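Reading the structure
In case you want the letters, here they are:
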Amino acid sequence: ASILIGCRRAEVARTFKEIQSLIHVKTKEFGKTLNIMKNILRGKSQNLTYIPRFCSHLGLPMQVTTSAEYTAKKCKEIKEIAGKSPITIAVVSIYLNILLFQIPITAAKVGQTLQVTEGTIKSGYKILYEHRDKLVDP
Amino acid sequence: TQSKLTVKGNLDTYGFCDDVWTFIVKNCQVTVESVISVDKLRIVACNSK
Amino acid sequence: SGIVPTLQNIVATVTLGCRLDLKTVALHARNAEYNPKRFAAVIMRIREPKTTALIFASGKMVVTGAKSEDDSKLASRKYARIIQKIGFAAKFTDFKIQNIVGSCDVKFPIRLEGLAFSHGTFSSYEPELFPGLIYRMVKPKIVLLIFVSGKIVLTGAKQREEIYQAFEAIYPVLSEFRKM
Amino acid sequence: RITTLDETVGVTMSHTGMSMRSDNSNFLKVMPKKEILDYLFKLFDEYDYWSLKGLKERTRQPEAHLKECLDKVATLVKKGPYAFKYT
Amino acid sequence: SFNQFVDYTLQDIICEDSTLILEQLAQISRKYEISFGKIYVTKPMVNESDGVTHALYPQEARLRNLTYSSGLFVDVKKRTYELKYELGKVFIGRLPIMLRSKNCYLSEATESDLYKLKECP
Amino acid sequence: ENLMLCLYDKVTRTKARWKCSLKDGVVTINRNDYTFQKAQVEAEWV
């Protein structure tokens, strides 16, 4: 938690799984520890950021990322509160935004490389195979 | 022993005493591998470890 | 508004006043779990009111799952009566509600982020952890589960009046961050 | 000579950071007053050097009850050559 | 003297002490060894702060005050012994590269492209 | 009286139903002994 705060403050954002897959912490006492850490600095007084690094390993070009942004942008505002762990929808954004493309990004590749079982990818894309219609800016 | 059974009744009483389950199902049907419907079964089970 | 929270769980404690034999008590009661090496208490239940009794050898015993104070008390008395059936001088005493769980829905979607930012010291919210916003109130000291859906869960109350005051105080803020 | 890595670098370099996969390989993965007294007398009868912690581990009883049993049913020795021996 | 280095000396330095072993005594004893592999060296790049990584051209290095290095990679044999018997690829650093060396993008590039690479031929 | 003697290994239940899997026991039903290797006693709880 002492770094995720710094990251979450360094304008960079990481999932908990991520530093958890840097350090094993069982995430729960951590999750409280991070929660209570936040409320510490609360008294001691944003899901897009991942997408570049996501595709950064995917060797992608920025358009799918940018498109994924407006897709991620559109999904949240209207309805489809979208994700509850919405790094999910950050990912389905990637995949459907590469479903916008012909370029080889099998969700099989995506899941094993973004670490989400493709079921929500289908489902995310599913409501987005329904919400692609209002997801045509270009 | 090679027979396979499956009881599905309603538990009226049951008790645990020193790694000993008890259960008491009334009007319980048991599937074999056939089905024999028995009202009265007294189930008491202990640890096998 | 005009919305009353729906109590979902009342946790209460009752003193039986006698040393029990958890083996005998589990063995004779119609409905009572007790695994010693997993938990040193009889986990007993009834059907009406559908509750769960957490019966310690001390006679200390815990009821939850009731959705009213009266049903919790009645369940406690039924449990004490069934203990008396076995032959222990059980007495339903020191009934005391320790928790009251409530929930409701304001039906309108909420802006949790502007909420948490606007109410940080009472707002803990990590959507990647928990889809809901934790709101901790001072008076009444009730902590709220705030969901974008408009679903709320109220908890930490010794009294349902604390639940109702809790929702009444939270509702203006709910309406505020209603996403429209 | 050296095999340079022909992959582009994200795929080569995503791995040695946060490959999301961990532990692929296994490598250095690392009581009744009456009952306690009867057992304490037994172990003391069984062994004059009936060690207290060894009694606690073997009797599998709460430590406080076992020592109380050994305090009067066994010779409470904490000094001398037979240290931690309850005869 | 750099092409010589990157090719051979780097490796021979690894191969000298790939191995180092730790033996735990039991009550049958353990014995842990770890050994390295042949060394792998990339084509130069940068870890940007966000996290993204990408190829880097000598030109951009100069004006981003960057460092014209390429990473290093070696094979690791993590293993165990218990003691007489035994029960991927690893980053080890960034190495600056002499320009115009095989490991530099330019050691081939065409003169025209040098203009497109904005590097005086 | 239809008292079957078996050893429990695993039990599964969440406040409405009992699942006492039974191994190496006998079922005496209608004066007929039932010898089984595995059992899943799916008792229901009101």
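Up top is the structure.
Here we summarise the structure given alongside this text.

Rules of the game
Residues numbered from 1 in each chain as written, not as in the entry; some residues may be left out. Chains lettered and ligands numbered in written order. Part of a larger assembly, values for the part shown. Heavy atoms only, no water. Residues with missing side-chain atoms left out of burial classes, pairs and counts. Helix = DSSP H or I, 4+ residues; strand = E, 2+ residues; numbered from the N terminus. Rg over C-alpha atoms; globule rule 2.2 N^0.38 Å. Contact = heavy atoms within 4.5 Å. Buried area = accessible area lost by both parts, 1.4 Å probe. Salt bridge = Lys/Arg side-chain N within 4 Å of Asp/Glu carboxyl O. Pairing = 2+ DSSP bridges. Axes fitted to C-alpha atoms, helices over the stretch in contact; angles between N-to-C directions. Expected span 1.5 Å × (residues − 1). Bend = angle between axes of the 7 residues up to and from the residue. Buried < 20%, exposed > 50% of the residue type's maximum accessible area, 1.4 Å probe, protein only. Polar contact = N/O pair within 3.5 Å; in protein donor to acceptor, adjacent residues only side chain to side chain. Nonpolar A, V, L, I, M, F, W, Y, C, P; charged D, E, K, R; others polar.

A word on the overall build of chain D. Helices and strands together make up the secondary structure of chain D, namely 4 helices and 0 strands. Moving toward the C terminus, one meets the helices and strands of chain D in the order α-α-α-α. Taking 2.2 N^0.38 as the reference for a compact globule, 87 residues should give roughly 12 Å; the C-alpha atoms of chain D span a radius of gyration of 29 Å, well beyond that estimate. Considering only C-alpha atoms, chain D reaches an extent of 80 × 30 × 20 Å along its principal axes.

Right, let's get into the interface of chain A and chain C. A common way to express how large an interface is: the accessible area buried when the components associate. On the side of chain C, 14 residues touch chain A, which itself brings 17 residues to the contact. Both sides together, the interface formed by chain A and chain C hides about 1,200 Å², and carbon and sulfur atoms give 55% of it. Considering only the surface of chain A that becomes buried against chain C, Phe16(A), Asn35(A) and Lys38(A) emerge as the three largest contributors, covering 31% of it. Put simply, chain A and chain C have 1 salt bridge between them.

Looking now at the sheet that holds strand β1 (residues 20-22) of chain E. Two orientations exist for strands paired in a sheet by backbone hydrogen bonds: parallel and antiparallel. All names here are of chain E. The strand order β1-β2-β5-β6 describes an open sheet built from 4 strands, whose pairing is antiparallel. Since the sheet does not close on itself, it has two edges, and those belong to β1 and β6 (89-96), each with one partner. Here the strands of the sheet are splayed against their neighbours by 30 degrees on average, with no regard to which way each runs. Taken together, the 3 bridges between β1 and strand β2 (residues 32-41) define a ladder with antiparallel strand orientation. Across the sheet, the residue bridging to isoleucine 21 is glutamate 33, located in β2. Contacts between helix α1 (residues 2-16) and the sheet are confined to β2, β5 (69-78) and β6, with β2 contributing the most and set at about 170 degrees to the helix.

All names here are of chain E. Over its 15 residues, α1 extends 20 Å from the first C-alpha to the last, a length consistent with the 21 Å expected when each residue adds 1.5 Å. Taken as a whole, α1 carries its principal kink of about 35 degrees at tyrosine 8. For α1, every residue scored as buried is listed here: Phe2, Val6, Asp7, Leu10, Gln11 and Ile14. Buried residues along α1 sit against β2, β5 and β6.

What follows covers helix α4 (residues 160-177) of chain C. All names here are of chain C. For α4, with 18 residues, the first-to-last C-alpha span of 25 Å sits near the 26 Å given by 1.5 Å per residue. For α4, the principal kink sits at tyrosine 171 and spans about 35 degrees; a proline, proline 172, occurs within the next four residues. Where α4 is concerned, the buried positions are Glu162, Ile163, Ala166, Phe167, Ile170, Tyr171, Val173, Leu174 and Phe177. If you follow the buried residues of α4, they end up packed against β1 (6-15), β6 (93-105), α3 (112-118), β8 (133-136), β9 (143-146) and β10 (151-155).

In this section: the interface of chain B and chain F. Contact residues are listed per partner, giving 31 residues for chain B and 27 residues for chain F. Summed over both partners, the interface of chain B with chain F comes to about 2,600 Å²; 62% of that surface belongs to carbon and sulfur atoms. Of all residues in chain B, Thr1(B), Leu5(B) and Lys40(B) give up the largest surface area on contact with chain F, accounting jointly for 20% of the area buried on that side. Salt-bridge contacts for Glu1(F) lead to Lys40(B); the nearest nitrogen and oxygen are separated by 3.0 Å. The interface formed by chain B and chain F includes 12 residue pairs in polar contact. Counting only elements with at least two residues in the side of chain B that touches chain F, the list comes to β1 (3-16), β2 (20-32) and β3 (35-47) of chain B. Looking at the side of chain B that touches chain F, the element that brings in the most residues is β1(B), giving 11 residues. Class assignment of the residues belonging to the side of chain B that touches chain F gives a composition of 18 nonpolar, 8 polar and 5 charged.

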